[PDB]
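> Pasting an experimental structure with its sequence.
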Amino acid sequence: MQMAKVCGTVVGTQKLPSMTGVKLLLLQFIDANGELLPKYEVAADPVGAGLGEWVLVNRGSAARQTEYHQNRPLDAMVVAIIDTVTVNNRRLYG
Amino acid sequence: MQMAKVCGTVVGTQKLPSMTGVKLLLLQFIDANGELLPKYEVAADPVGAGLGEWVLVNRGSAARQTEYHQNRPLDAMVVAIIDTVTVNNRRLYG
Amino acid sequence: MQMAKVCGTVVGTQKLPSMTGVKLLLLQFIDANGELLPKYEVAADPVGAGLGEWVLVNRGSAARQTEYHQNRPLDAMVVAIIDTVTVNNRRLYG
Amino acid sequence: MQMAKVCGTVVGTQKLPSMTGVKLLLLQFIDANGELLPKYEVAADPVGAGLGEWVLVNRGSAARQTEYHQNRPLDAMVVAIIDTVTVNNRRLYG
Amino acid sequence: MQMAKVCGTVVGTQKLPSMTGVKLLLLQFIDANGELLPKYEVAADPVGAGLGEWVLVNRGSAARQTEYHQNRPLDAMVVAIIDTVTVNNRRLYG
Amino acid sequence: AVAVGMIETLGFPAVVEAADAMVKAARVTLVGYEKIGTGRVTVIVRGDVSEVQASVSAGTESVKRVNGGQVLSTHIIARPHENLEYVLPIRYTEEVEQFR
Amino acid sequence: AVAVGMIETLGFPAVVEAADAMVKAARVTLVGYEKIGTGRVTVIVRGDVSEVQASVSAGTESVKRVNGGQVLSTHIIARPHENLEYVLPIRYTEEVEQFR
Amino acid sequence: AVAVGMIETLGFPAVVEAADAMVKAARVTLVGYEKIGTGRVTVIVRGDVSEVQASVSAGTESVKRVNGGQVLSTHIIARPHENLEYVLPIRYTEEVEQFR
Amino acid sequence: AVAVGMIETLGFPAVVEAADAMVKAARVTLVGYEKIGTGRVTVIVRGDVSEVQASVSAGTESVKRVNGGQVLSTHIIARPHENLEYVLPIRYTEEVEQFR
Amino acid sequence: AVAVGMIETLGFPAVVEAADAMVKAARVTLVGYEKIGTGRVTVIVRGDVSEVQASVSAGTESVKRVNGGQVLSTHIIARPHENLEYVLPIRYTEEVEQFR
Amino acid sequence: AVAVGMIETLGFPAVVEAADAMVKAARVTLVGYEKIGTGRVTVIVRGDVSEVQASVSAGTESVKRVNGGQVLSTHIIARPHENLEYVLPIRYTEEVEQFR
Amino acid sequence: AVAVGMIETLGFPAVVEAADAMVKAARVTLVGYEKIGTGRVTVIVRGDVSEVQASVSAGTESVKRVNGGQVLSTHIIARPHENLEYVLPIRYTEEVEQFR
Amino acid sequence: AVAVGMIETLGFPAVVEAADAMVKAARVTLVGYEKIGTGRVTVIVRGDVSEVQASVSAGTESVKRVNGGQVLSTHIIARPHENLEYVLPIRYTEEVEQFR
């Protein structure tokens, strides 16, 4: 997984028929210190996440494991909304 | 997924027999801010996309999920044509 | 696999139901010389590792091979706690 | 897929038994404009490609889809010899 | 596959039960010209390779293809010991 | 006029998840909240047709992740008549003018 | 007075698609919207009897587009008595005078 | 640039009900009308891809109310190539530029 | 615009008896005549929706007078969009202005 | 910002035991109380998402001790959109600001 | 001469998807659009043999993603005789000389 | 006169492959191209009777290369009357006089 | 350099029809002619890889019209090594330089 910040939404109307119903979030990756990295991802969002939240997003074949993304062409998925990040016994987020 | 811009087409005549009928688009990746990254991809195009469009591109074994790319040696696929990118409640594209 | 140092923990309360019970560690990657790289990962931790430990973390679908991580959306997992690293017949760690 | 130029061959005699008969090509990646990137790959070559040729190479589990690479430990494979690349309706290659 | 140089060994005693018997080599990636890149890997070693050798390393689910790594959490594997690298009809290695 | 999407659910926890996932999936404005009896509760969003189609389709799948949640009826009208905003409670209120 | 058309549906997304199909199909004015319980929702159009007949039949077919939508009752009164507009919500309000 | 959607019906009364339901449902412009033989008649709309998608789905359901006509084929292209306007009759004519 | 009625018949003697029955039954104007292939011939009338409904139903029964005549499809659009008269042949031509 | 949790019960004695078990189990503020018909009554708590999850799990188990009430639906949203506080009754009222 | 590729489909929405996918898959010029009756419609592209083989093969697969779309016959002639451009409608028109 | 060879195929890609095989196989001039409906398309070559027989036989076998191509009827007239070139489109036009 | 394509037939009348169909189909140069015993005769064409692919596919289909000949083996190499020109008879001879 990677830590990412929800920066926006991507809407596509002309898509695959297996891509319908999939909510697509534009996530910017954040480092371990909390700063925004110049690297992004578009991920499926089963755990309902809004703009500004910190999320855990996986990569690749793990995005097709939630039993309704199984035969869906997805390589990125928000798997968790981050509550708190503790680094060196110090709370960094939350 | 990644956001990419269709910059051209790649045609190969000597290929694998499972690669025939596959439309191959040369796609340049764009960042979350909208500028072109110095990074490209060649992807299959089931969702019919032409030169200049913004597309969503998956990577890996998610390219083989659309039930006719299943046993095809594809690791990248256009899954959607981007209609609208909204970043920080502001429309970036569309 | 990559060598990584456990820098902390990530706790998420809203997650997928298959993500329940998965311990999430914030691991910063270390190089072959032992210095911290500016790159991190959030990985599942079946091998119980604490803060400051050197671990081996895999990537991708190898994280789902642990027979209780099989249908879990995990793309990174601590597979081993590093006891010693020998580089050019010289002990680097341990 | 990525566009790559065949720069040479890699011969290994001490290998896995499932790697026997696999022709290994050293391919340097080329960018979308046609210049050589400082990044390479060693890929299987079922589509017979010689030195100097432009090839499409895939990555990952897509290299095991050509029904004679199925249980072979391959993560890269030349899937097509590039005949022509057209960028912005202008022929770049061929 | 990638060309890598064996720079050492990684030993971990506290690991997963499916990770036992797996020989872990610290491999530094080398470029197509032959110099050491600042990038490494830890891979399983079925083809017996020692310190200083040139190896071919696959990554991903291709590491689980050799029928004794099938349910093992491995994402990197030495598949061949490099005998000869020929670049532009000139022998680079061997 | 501006497109209108409706998701009717059986239950208030299902209609808040429908309302929350709609304005999180796309750039729509949740303007309305309608109860018609027997637990049939409808939330009403406004926005562009690309946003409303994306929000209603994603808002429908999010309700079937709520225990006891049931989608009764969903609809998108891409171009409603200007007669409808004066009679039906689908119009923009002044509470939601910051989200338009 | 001028004619009355009513479509009663089970559900609020079905009654907005019925109301939007009615005012697009003919020269009717949607004047009313009535909730009577158990999800029975009624929209009321006013116009000439040929326009009201053309709209009410077209509003009934458009509920089949809505999933989970069901027309319970339709009726057309060609010439309602003047007593009905002062008691029942079938009258022209001031907000809908621009559409008459 | 502007998307193109086509509904092919068997019969001329079904293709006028399809064309009338398309331009009423969304902000599309009916630009074209094509006959290829065996009664197969095609109407062409131009708009945004979200508006064309809402029109083609609404134009398909409205042929089912026509007795004697059926939808043979529908398609939507999000952005046609500029080659297609000069060969195929999907371009904006100057008679319909007021509806663009 | 004003309402459109279409009767599609299989055969040309059936479409002239349908067109002659329509303009005699009510105050409609025959404006159009369309061939789409396989003998599917359509005549188009314009008028008020009550007159168009009275004519199209009367034009359907008169095809039974014709031996070898068969009505394939009928449809009535009560309020067609203004886009349809510039693309489809349902508009008033200058030759039929004396009958409007 | 502040998370929202909802428990919908069938019956008012079940929804008071659910609401009492929620604010005792964790640091949540009961802010709302919603009736949608057929006895479906919802209580709304606000707190941190960890506190909301502990309260909703405790309020669900406490309805099992009420004879005559059952939990119909529960849901937790970690961070609702600010559009929802103006349309849905999930916001902090001024009477409950002492418990925040 | 320059190579010619043809895709014959049954239906006009299938032939526009065939024409659109051909000029998007490779560097070909759509020059022709041929109706021969019974709904058999043929689009004709010109270009190099590598372009035309890639376009026709990708245009054939894209038609079987259209509902009601059916490919009747495809062919590529890599080197057509110069007699054929004067008789058959496969030649470059002046409308498409910007795409050559 | 100069001999006439005609190949009638079902489909336009089959008739271009038939016409391209004819003018390559022998010293015939493709002069004509005829559509008569139901996809029956005819190409007409002129030449000496030995060249016309060799081309029409080779143009028939090349339709089997076309998937979905079918030869309906072939005929060779060794010495047509001079009345036929003024009525039927079998004559040498001025555009094809460079290939005679 | 340029690609190389080979068709091996059983018999000399089949290999001349194969070689004649190759140089007529595309812009390839027949450069070679090889006999290896058991009647296995091979013709070698050079050209671009797209032209070699179109010629070899047409040369394979043309042996089916020869009675008593069959295609035994076909192959296409997109760019042969420079070693193969000096050992194998696939190189351009002096007599075939006019057709290159």
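Happy to help now that I have it. Numbering: from 1, shown residues only, chains lettered A, B, ... in the order given.
> How about the spatially most central residue of chain F, nearest residue that isn't a chain neighbour?
Nearest to the mean C-alpha position of chain F, counting by Cα atoms, centre = their mean, stands residue F:44 at 3.0 Å. Closest residue to residue F:44 apart from its sequence neighbours, by Cβ to Cβ, 6 or more residues apart in numbering or on different chains: residue F:32 at 3.3 Å. (Each C-beta comes from the backbone N, C-alpha and C, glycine too.)
> what about residue 41, how many neighbours?
If you meant another chain, say so; for now it's chain A. Applying other Cβ atoms under 10 Å in any protein chain shown, we find 21 residues neighbouring residue A:41.
> that answer is for a different chain, and I need it for chain F
Look at residue F:41: counted by other Cβ under 10 Å, it has 28 neighbours.
> again with residue F:70
Residue F:70, neighbours per other Cβ under 10 Å, totals 15.
> Can you tell me, leaving aside adjacent residues, what's nearest to it?
Nearest to residue F:70 is residue F:10, by Cβ to Cβ, 6+ apart, at 4.4 Å.
> For the helix or strand that contains residue F:76, name the packing helices and strands.
Using DSSP states H and E, residue F:76 falls within strand F:71-77. Secondary-structure packing of strand F:71-77 (3 or more Cβ pairs under 8 Å, 6 or more residues apart in numbering or on different chains; DSSP states H and E): strand F:3-10, helix F:49-63, helix G:12-25.
> now the angle from it to strand F:3-10?
170 degrees (axes from the mean of the first three to the mean of the last three Cα atoms, to 10 degrees).
> following strand F:71-77, which helix or strand comes up?
Using DSSP H and E, the next helix or strand after strand F:71-77 towards the C-terminus is helix F:84-87.
> For chain H, tell me whether that next one is touching it.
No - Helix F:84-87 does not reach chain H (Cβ under 8 Å from any Cβ of the partner chain); its nearest approach is 13.4 Å.
> Write out the residues of chain F neighbouring chain A.
Near chain A, when you scan chain F using Cβ under 8 Å from any Cβ, you find F:17, F:20-21, F:24-27, F:50-51, F:53-54, F:57-58, F:60-62, F:65.
> And the residue of chain A that's closest to chain E?
residue A:61 (8.0 Å; Cβ to the nearest Cβ).
> What residues does the residue nearest the centre of chain A make contact with?
By Cα atoms, centre = their mean, chain A has its centre lying nearest to residue A:78, at 3.4 Å. Residue A:78 makes contact with A:4, A:25, A:27, A:43, A:44, A:45, A:46, A:47, A:49, A:55, A:56, A:57, according to Cβ atoms under 8 Å, 6 or more residues apart in numbering or on different chains.
> Dihedrals phi and psi, it?
With angles defined as degrees, to the nearest 10, residue A:78 sits at phi -70, psi 120.
> Tell me who's in contact with the residue lying closest to residue A:25 once chain neighbours are set aside.
Once flanking residues are discounted, residue A:25 sits nearest to residue A:45: 4.8 Å by Cβ to Cβ, 6+ apart. The contact partners of residue A:45, by Cβ under 8 Å, 6+ apart, come to A:23, A:24, A:25, A:77, A:78, F:24, F:25.
> ok, residue A:45 to residue F:20 distance?
Residue A:45 sits 12 Å away from residue F:20, going by Cβ to Cβ, to the nearest Å.
> likewise residue A:88?
In terms of Cβ to Cβ, residue A:88 sits 35 Å off from residue F:20.
> who's more crowded, these two?
residue F:20 (27 against 10).
> doesn't residue A:48 make contact with that one?
Yes - counting by Cβ atoms under 8 Å, residue A:48 is a contact partner of residue F:20 at 6.1 Å.
> from chain A, which residue is nearest to chain G?
Counting by Cβ to the nearest Cβ, chain A gets nearest chain G through residue A:21, at 13.8 Å.
> Now for the residue in chain F positioned nearest to chain A: which residues touch it?
Per Cβ to the nearest Cβ, residue F:58 is where chain F lies closest to chain A, at 4.0 Å. Residues in contact with residue F:58 (Cβ under 8 Å, 6+ apart) are A:21, A:22, A:23, F:21, F:22, F:25, F:26.
> at 7 Å instead, please
With contacts defined as Cβ atoms under 7 Å, 6 or more residues apart in numbering or on different chains, the neighbours of residue F:58 are A:21, A:23, F:21, F:25.
> Distance check, it against residue F:99.
Counting by Cβ to Cβ - residue F:58 and residue F:99 are separated by 17 Å.
> What parts of chain F come near chain B?
Contacts of chain F with chain B, taken as Cβ under 7 Å from any Cβ of the partner chain, map to F:27, F:50, F:51.
> So what's the residue count around the closest residue to the last one other than its chain neighbours?
Nearest-residue entry for residue F:51: residue F:26, 3.8 Å, with adjacent residues in sequence omitted and distances by Cβ to Cβ, 6+ apart. Residue F:26 is surrounded by 29 other residues when neighbours are defined as other Cβ under 10 Å.
> list the contacts for residue F:26?
So residue F:26 contacts A:9, A:11, F:47, F:51, F:54, F:55 (Cβ under 7 Å, 6+ apart).
> For chain M, what is the nearest residue in chain F?
residue F:50 (40.2 Å).
> quick one, strands of chain A?
A:2-11, A:14-15, A:24-30, A:36-44, A:54-59, A:76-81, A:84-87, A:90-93 (DSSP state E).
> and the fourth one with chain C, contact?
To tie it back to what came earlier, the one meant is strand A:36-44. No - applying Cβ under 7 Å from any Cβ, one finds strand A:36-44 separated from chain C by no less than 9.2 Å.
> what about stretch F:72-92, how long is it end to end?
Stretch F:72-92 has an end-to-end distance of 24 Å (Cα to Cα, to the nearest Å).
> centre of the chain versus it, how much separation?
10 Å (Cα atoms, centre = their mean, to the nearest Å).
> got it, and stretch F:6-22?
8 Å.
> Residue F:39 against residue F:10, yeah?
Yes - if you go by Cβ atoms under 7 Å, residue F:39 and residue F:10 touch, sitting 5.0 Å apart.
> Which one of those two is surrounded by more residues?
residue F:39 (25 against 22).
> Just the angle for the strand holding residue F:76 relative to helix G:12-25, thanks.
30 degrees.
> ok, the residue nearest to residue A:27 when sequence neighbours are not counted - how many residues close by?
Spatially, and ignoring its direct neighbours in sequence, residue A:27 is nearest to residue A:4 (3.7 Å; Cβ to Cβ, 6+ apart). By the criterion of other Cβ under 10 Å, residue A:4 has 27 neighbours.
> How about the contacts made by the closest residue to chain D within chain F?
In chain F, the residue found nearest to chain D is residue F:50; the distance is 26.9 Å by Cβ to the nearest Cβ. Neighbour list for residue F:50: A:11, A:13, B:83, B:84, H:50 [criterion: Cβ under 7 Å, 6+ apart].
> Bridged to residue F:45, which residues?
Using DSSP bridges, the beta-bridge partners of residue F:45 come out as residue F:5, residue F:30.
> still on that earlier bit, could you find the closest non-adjacent residue to the residue of chain F closest to chain M?
Closest to residue F:50 by Cβ to Cβ, 6+ apart is residue H:50, at 3.8 Å.
> Pull up the gap between residue A:69 and chain I, please.
Computed with Cβ to the nearest Cβ, to the nearest Å, the distance linking residue A:69 and chain I is 41 Å.
> What is the end-to-end distance of stretch A:78-88?
OK, stretch A:78-88 end separation, Cα to Cα: 25 Å.
> Thanks a lot, catch you later.
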